[PDB]
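Undergrad: Dropping the structure in here first, questions after.
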Amino acid sequence: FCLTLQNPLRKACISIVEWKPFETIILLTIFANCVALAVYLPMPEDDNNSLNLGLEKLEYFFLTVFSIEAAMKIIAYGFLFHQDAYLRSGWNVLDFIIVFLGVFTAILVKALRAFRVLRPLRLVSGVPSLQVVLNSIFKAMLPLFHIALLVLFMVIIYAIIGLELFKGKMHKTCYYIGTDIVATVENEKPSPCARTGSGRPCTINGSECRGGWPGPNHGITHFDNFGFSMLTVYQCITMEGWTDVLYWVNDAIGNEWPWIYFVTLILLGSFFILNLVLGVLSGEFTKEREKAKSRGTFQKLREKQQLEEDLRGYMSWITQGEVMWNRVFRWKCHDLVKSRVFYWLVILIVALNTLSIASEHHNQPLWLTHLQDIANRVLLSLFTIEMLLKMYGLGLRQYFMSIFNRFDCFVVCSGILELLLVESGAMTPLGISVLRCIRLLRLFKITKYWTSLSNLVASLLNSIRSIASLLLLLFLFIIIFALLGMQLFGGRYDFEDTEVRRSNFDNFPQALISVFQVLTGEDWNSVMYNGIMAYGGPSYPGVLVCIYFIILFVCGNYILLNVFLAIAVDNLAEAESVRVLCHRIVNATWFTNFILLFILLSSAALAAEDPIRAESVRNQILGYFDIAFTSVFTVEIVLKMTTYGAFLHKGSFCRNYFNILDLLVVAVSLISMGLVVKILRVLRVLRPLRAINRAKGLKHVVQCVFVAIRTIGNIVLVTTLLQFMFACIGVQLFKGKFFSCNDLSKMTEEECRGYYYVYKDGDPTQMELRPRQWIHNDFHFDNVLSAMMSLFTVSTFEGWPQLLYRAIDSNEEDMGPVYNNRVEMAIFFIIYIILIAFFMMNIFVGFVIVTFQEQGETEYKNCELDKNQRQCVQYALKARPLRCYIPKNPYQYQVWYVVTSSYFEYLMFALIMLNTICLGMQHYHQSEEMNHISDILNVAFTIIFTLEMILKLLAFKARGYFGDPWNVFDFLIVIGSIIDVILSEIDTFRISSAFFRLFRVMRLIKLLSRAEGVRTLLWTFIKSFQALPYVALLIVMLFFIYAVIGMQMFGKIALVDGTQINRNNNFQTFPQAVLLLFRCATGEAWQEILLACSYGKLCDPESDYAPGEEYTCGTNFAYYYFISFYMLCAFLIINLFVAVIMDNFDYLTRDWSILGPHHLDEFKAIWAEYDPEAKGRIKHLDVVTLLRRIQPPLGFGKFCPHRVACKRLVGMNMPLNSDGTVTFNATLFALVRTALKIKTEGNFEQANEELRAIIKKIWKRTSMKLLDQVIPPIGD
Amino acid sequence: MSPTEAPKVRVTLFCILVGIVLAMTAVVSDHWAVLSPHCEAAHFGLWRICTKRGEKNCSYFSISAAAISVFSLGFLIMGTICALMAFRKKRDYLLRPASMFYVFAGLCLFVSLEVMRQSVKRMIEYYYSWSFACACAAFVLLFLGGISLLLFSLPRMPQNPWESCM
Ligand SMILES: CCCCCCCCCCCCCCCCCC(=O)OC[C@H](COP(=O)([O-])OCC[N+](C)(C)C)OC(=O)CCCCCCCCCCCCCCCCC
Ligand SMILES: *[C@@H]1O[C@H](CO)[C@@H](O)[C@H](O)[C@H]1NC(C)=O
Ligand SMILES: [Ca+2]
Ligand SMILES: [Ca+2]
């Protein structure tokens, strides 16, 4: 499409347009835009500083230079130079800003302000190698499409169900007496009420629940109006803030029903992102199995690195012969150095150093800080000598060549430099802290150990150079969204309020913290609720700023899910290279089935004790039900020991059987005194663990995981060293800070005392008078032990913002926070967070690569062609024809002639879609004319769908209609709709109909019925539900033990609202303690619950405690408890990750391009066309027309018919039975051998009998020679 | 054959026929909730609200849950006709709607629960009674029993792929 094709002097421009460094001049001017948009400080209501005012004029420089460039790109070629799509955006960026100059003259508006953010995408198109990355990143998106489309159906189901169950339910308030103020307590979120039963009595003493609006977050967390429902089941799916949307419903309706809505949204939202991560790791691994056949090239490689091993070694043999009285000192420096002594003389020094550097208190009374300086002075005197003995008696050139001892050079020099610089005295107090942090590098001295250290660094540093392309795309992704958010939000966080909206965007670093906060998932809920409330809070135009925090969280994770593959394809390349009476009882059915029924009754009472009454009727029943149960138990340990004796304790199940029984017996000795107590009660919980060793599925799963730990152990031992190394740099840098005074105006110790004013809401006419004291921020960095606590929670991506934003605000030793002092200390929490994210991901890749080895260990017994070549034999050898239930009676036959057609197929699919939008609208405060229409609609859509099951049942003749389960599922929906119509209109002559409405929603699940590519993915998981649910048995057991251990212990805990153990989040009953643990299992702010259990909480005035002891029911076992729950939840959820690799392995190693069984599964459906009587034997005439209509991956050409496919079928040994009626199995085997490549005779008969040997070797049925007669049909 | 012959349907159909008798018991019985004002004590019923002090004076005034319970017995009638036709022609498929009808027999009993739990809040001291506890166990019998008979009627996911859903 070229433009006039001329040759003036303009042809000489083409020699200058495309010279060499024209890329470099444009690279250096787009990088100026990145800085020009970074120093753009936004201002709230039309304000401009000076530098902001000069940078407005600097755009006109970058307007014309990008126009001087681009017009020369037109003169260079013309309209065909829109060929690069990445240049097609080039003129697109410029053509908006020329329009911006036009609208600039209209002033002598902020929509084009946001398009200048797009310019660094030009920086991608300039620099190559990132053309490799963006091309590679869209190629992962093809196999993920069915997973992402089911999550899109996962949200729409739970948006409509949450819309019809909860419309309008939140709008109740707890206002004061008659006022407009919503009544809270001091941290309590403004949560709804109900005047009627089951939700919130509203006991805040001078307040009455009235209609209007208390609402969730500010208006944004409703359930009315399809768009809000779909927004607040989105946030719930990301497991972030799903407990406020639970505890708001649970506060308005009432509990005990709406838990089943959210804990099935989490358990399905988890399960279908857990198989999205395994989705991407399918498509690129099958490419990499095709390069594993270069096994003879690693044989050449390990020879060469053996040649590099000798050649350096022999040359040191040469080196230490050349430089050779003073030799008498030499042999001394062999016999002292290489001896057993310096394997043990150095450790006493090093382990004595890492206790010196990790002592580090706040106060250190006076003698400790004197020992810190002498030790450092002493232990350097051992460091230099140890080094100096290597200087003489090892060889000078050999010493510096080793990298680990080059590291020891940098240590010993820096120790001397930092000691003498203090004696010089001329050093700033900023610098002596820096010298102190330099010593901390001595901790790597410990790493002269780890035997695979040199294997480990070669694993990690090889991975980074597979990520350094992608990781530079991630950093240039988080810049575009930081430059965008600064234009949309840009100091619109004004709000006229007093609460700290602290992650604002009104700066470049504050928008770079705040984007990286919503990237890692932590607390993006509070962030999105400010961008929505900055513009127009909730409205039409305004809630479309949700779209900024969606694409940032979906795309910003999909980049980061693609660094998970490039490691996994790099980490996979390295992997290529009378006692007879007691004897019966133990083996009786009477006794084993006794125990399993007795365990279940033992722990049903042990589940729900009181557990806090100690006097009531639910105690005297259970004390009789407990002591009588210890009798039977102990009785069982008698009858096991009378069969074997003292040597039966070999089994790990009997060592626990004898442990739980002896403690339950001593509770009877402890109940023998009261007439020690409760400890022995809880030792009875171990029981069902014994029943777990009676399960067999786990032997495969748990054993496969401890294979993977052996190879990942090396990484885990390093990632827990960094939490010690960044503890000691974290202590060093934040000692005594985080020590904040209650009113933020007093700043030091003595004067944060007395009483002050707390001004409510916003105005200084509502003064309340509270006292003030030091608050110590609960996760402080004081001790190295007490800093591994805090740095463990920022490791789990939970609660870092609050802590991170505190580490910014800190100043000198015992002083309160200054507001935005030193943002430079946000680099600590970033580099470490990013690092731990990189070692947590290398572990995860380990558990994947190990299991794909361990599943293929079963298929190393191969002697066969391929996996696809394995299944398609088992698809031919095993399959059988299809139903084809064709009717008689031409009255009825005309009816069937409609039903199976595409008339009903396309019509009943259509009326669901109108039934979707009929449920789609359904907003709140709708009109009464609209209430009349949708009540008709519901009546209309039932009569149509019941007319479906009338026509089909008069067609399919009952036999066949119940056959498919989808028709039986329709019969469940239809009757639930008819009983929903009737129950509504009988009322018109009624709250309970809210369940029957759900049946109206389930019609959307008829959609996926025709969606063939999706149903085939759910059915894979139901077929996979084999090795999973025994792993789920350990999850249930885990939640069961930690419920009962905490329930006796963390009860008496005084459900005061505002204090994070409240009426929604009890520890008291058993199902309230299961849900609390499901909160800590999805990481939902578990760090507070830990602080809620303590030593000084109140004790719930229903218990005893009768004098005084009113603030002593907390039990600090919680640090031992929530932490020990959190690792045992993390480790065991990894076994859910492993168990999904286990049975889905045939689906995750597919190749749906070569021999996809979708061609095979559709192939049965052509047989019903020509063989309709289920005879299972076709005529050999109409196979010929059946060949031509399949698909060219499995059928034949459109060059039809041929002597080619007909040459193929005569070329196959196709048998002809009586009259020439073939079976499908002989025809299927020939038409799969058309793709499964073949030869002439000789090789054909050799393939036949070897298939007979391979199938019979597979066949554990040594009988049934009809399969061998099937090889006479398929082969002969 | 193969659905009906396994004892899985034996135990499950028997359990249901217990809860059917419990359901027929819980409808005609009269002790749902104790009116206790403190006399003019009474018991709510689906058909009669009888006043007791020993003087027993029965009459009636909760209109909705009465007509719902008619529908709950209507499926229990239809759910047993389909089951008795099932065993006699080697026809397995009639257990498929017969398991469906028991579930809607269960849910319509559950509505009759939560209407009667609602009418207490309209109105003096209240507590529940024994036939309300009979109706709770009649629910759990039927609703779990109908679903379990539904699952036992359907055959096994093809597990291996060459015998899908027939
Ligand atoms: C291809 C890569 C992505 C391209 C990057 C740019 C994407 C498009 C950006 C749209 C420009 C928005 C203009 C910002 C200013 C809004 C106008 C205004 O001031 O009205 C204020 C008013 C009041 O807000 P106010 O109170 O804060 O301002 C008051 C100050 N005065 C009086 C001077 C205006 O708000 C409104 O009622 C109208 C809002 C305009 C519509 C809101 C939509 C903007 C967000 C859409 C989401 C885009 C997501 C981008 C990322 C997704 C990737 C595709
Ligand atoms: C508020 O509660 C306290 C104790 O709970 C009570 O003494 C006081 O009278 C209450 N206030 C009012 C206005 O009743
Ligand atoms: Ca998270
Ligand atoms: Ca979180």
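We number chain A the same way Swiss-Prot does; the residues here are 32-139, 161-376, 417-669, 788-885, 892-1205, 1229-1515, in that order.
Including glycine, each Cβ sits where the backbone N, Cα and C put it.
Annotations for this protein, taken from Swiss-Prot, read as follows:
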| type | residues | note |
| --- | --- | --- |
| TRANSMEM | A:52-70 | transmembrane segment |
| CARBOHYD | A:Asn79 | N-linked glycosylation site |
| TRANSMEM | A:86-106 | transmembrane segment |
| TOPO_DOM | A:180-196 | topological domain 'Cytoplasmic' |
| TRANSMEM | A:197-218 | transmembrane segment |
| TOPO_DOM | A:219-279 | topological domain 'Extracellular' |
| CARBOHYD | A:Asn257 | N-linked glycosylation site |
| BINDING | A:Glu292, A:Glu614, A:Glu1014 | Ca(2+) binding site |
| TRANSMEM | A:310-330 | transmembrane segment |
| TRANSMEM | A:433-451 | transmembrane segment |
| TOPO_DOM | A:452-462 | topological domain 'Extracellular' |
| TOPO_DOM | A:515-523 | topological domain 'Extracellular' |
| TOPO_DOM | A:543-561 | topological domain 'Cytoplasmic' |
| TRANSMEM | A:562-581 | transmembrane segment |
| MOTIF | A:612-615 | motif 'Selectivity filter of repeat II' |
| TOPO_DOM | A:624-633 | topological domain 'Extracellular' |
| TRANSMEM | A:800-818 | transmembrane segment |
| TOPO_DOM | A:819-830 | topological domain 'Extracellular' |
| TRANSMEM | A:867-885 | transmembrane segment |
| TOPO_DOM | A:951-1000 | topological domain 'Extracellular' |
| TOPO_DOM | A:1022-1038 | topological domain 'Extracellular' |
| TRANSMEM | A:1039-1060 | transmembrane segment |
| TOPO_DOM | A:1061-1118 | topological domain 'Cytoplasmic' |
| TRANSMEM | A:1149-1170 | transmembrane segment |
| TOPO_DOM | A:1171-1180 | topological domain 'Cytoplasmic' |
| TRANSMEM | A:1269-1289 | transmembrane segment |
| TOPO_DOM | A:1331-1356 | topological domain 'Extracellular' |
| TRANSMEM | A:1357-1381 | transmembrane segment |
Undergrad: Based on Cβ pairs under 8 Å, which of the stretches A:86-106, A:310-330, A:562-581, A:1039-1060, A:1269-1289 lies most in contact with the transmembrane segment (A:1357-1381)?
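TA: If we count Cβ pairs closer than 8 Å to the transmembrane segment (A:1357-1381), A:1269-1289 scores highest.
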Undergrad: If you compare CA-to-CA distances from A:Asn79 (N-linked glycosylation site) to each of the binding-site residues A:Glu292, A:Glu614, A:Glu1014, which comes out shortest?
TA: A:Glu614
Undergrad: Ligand 4 is in the model; which of the recorded positions A:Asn79, A:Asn257, A:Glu292, A:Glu1014 have a C-beta less than 6 angstroms from one of its atoms?
TA: A:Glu292, A:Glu1014
Undergrad: A:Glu292 (Ca(2+) binding site) to A:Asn257 (N-linked glycosylation site): how many Å between their Cα atoms?
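TA: Answer for this pair: 33 Å between alpha carbons.
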Undergrad: Would you mind sorting out which recorded positions among A:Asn257, A:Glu614, A:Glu1014 put a C-beta under 6 angstroms from ligand 2?
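TA: Checking each Cβ against ligand 2, the ones under 6 Å are A:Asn257.
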Undergrad: Express the distance between the Cα positions of A:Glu614 (Ca(2+) binding site) and A:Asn257 (N-linked glycosylation site) as a whole number of Å.
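TA: Each residue's Cα considered, A:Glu614 (Ca(2+) binding site) and A:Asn257 (N-linked glycosylation site) end up 36 Å apart.
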Undergrad: Could you tell me which of these glycosylation sites, A:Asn79, A:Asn257, has the fewest other Cβ atoms within 10 Å of its Cβ?
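TA: Per-residue Cβ counts within 10 Å for the glycosylation sites A:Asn79, A:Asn257 bottom out at A:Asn257.
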Undergrad: Which listed stretch (A:86-106, A:562-581, A:1039-1060, A:1149-1170, A:1269-1289) has the most C-beta pairs under 8 A with the transmembrane segment (A:52-70)?
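TA: When the Cβ pairs under 8 Å are tallied, A:86-106 comes out ahead.
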Undergrad: From the DSSP assignment alone, can you count helix, strand and coil residues within the topological domain 'Extracellular' (A:219-279)?
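TA: Helix, strand and coil residues of the topological domain 'Extracellular' (A:219-279) number 2 helix, 4 strand, 55 coil.
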Undergrad: Checking distant contacts: for the topological domain 'Cytoplasmic' (A:180-196), what same-chain residues at least six beyond its ends satisfy Cβ-Cβ under 8 A?
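TA: Those are 117, 328, 331-332, 334-336, 561-562, 564-565, 650-651, 654, 657, in sequence order.
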Undergrad: Beyond A:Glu292, A:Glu614, A:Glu1014, what residues of that chain have CB atoms within 8 A of the centre of the Ca(2+) site's CB atoms?
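TA: Apart from the listed residues, the neighbours are A:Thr612, A:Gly613, A:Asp615, A:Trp616, A:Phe1013, A:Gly1015, A:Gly1322, A:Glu1323, A:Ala1324.
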Undergrad: Given A:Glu1014 (Ca(2+) binding site) and A:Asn257 (N-linked glycosylation site), what distance in Å do their CA atoms have, once rounded to a whole number?
TA: 35
Undergrad: Given a Cβ distance threshold of under 8 angstroms, which distant residues of the chain, six or more beyond its ends, lie next to the topological domain 'Cytoplasmic' (A:543-561)?
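TA: Counting only partners 6 or more residues beyond its ends, the topological domain 'Cytoplasmic' (A:543-561) has Cβ contacts under 8 Å with 181-182, 184-185, 655, 658-659, 661-663, 666, 930-931, 934, 1058.
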Undergrad: On the DSSP side of things, how many residues of the topological domain 'Extracellular' (A:1331-1356) fall into helix, strand and coil, could you say?
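TA: Breakdown, helix to coil: 1 helix, 0 strand, 25 coil.
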Undergrad: Do any residues of this chain, six or more beyond the ends of the topological domain 'Extracellular' (A:819-830), have a C-beta under 8 angstroms from a C-beta of it, and if so which?
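TA: Distant Cβ neighbours of the topological domain 'Extracellular' (A:819-830) are 1286-1287, 1290-1291, 1307, 1339, 1341-1343.
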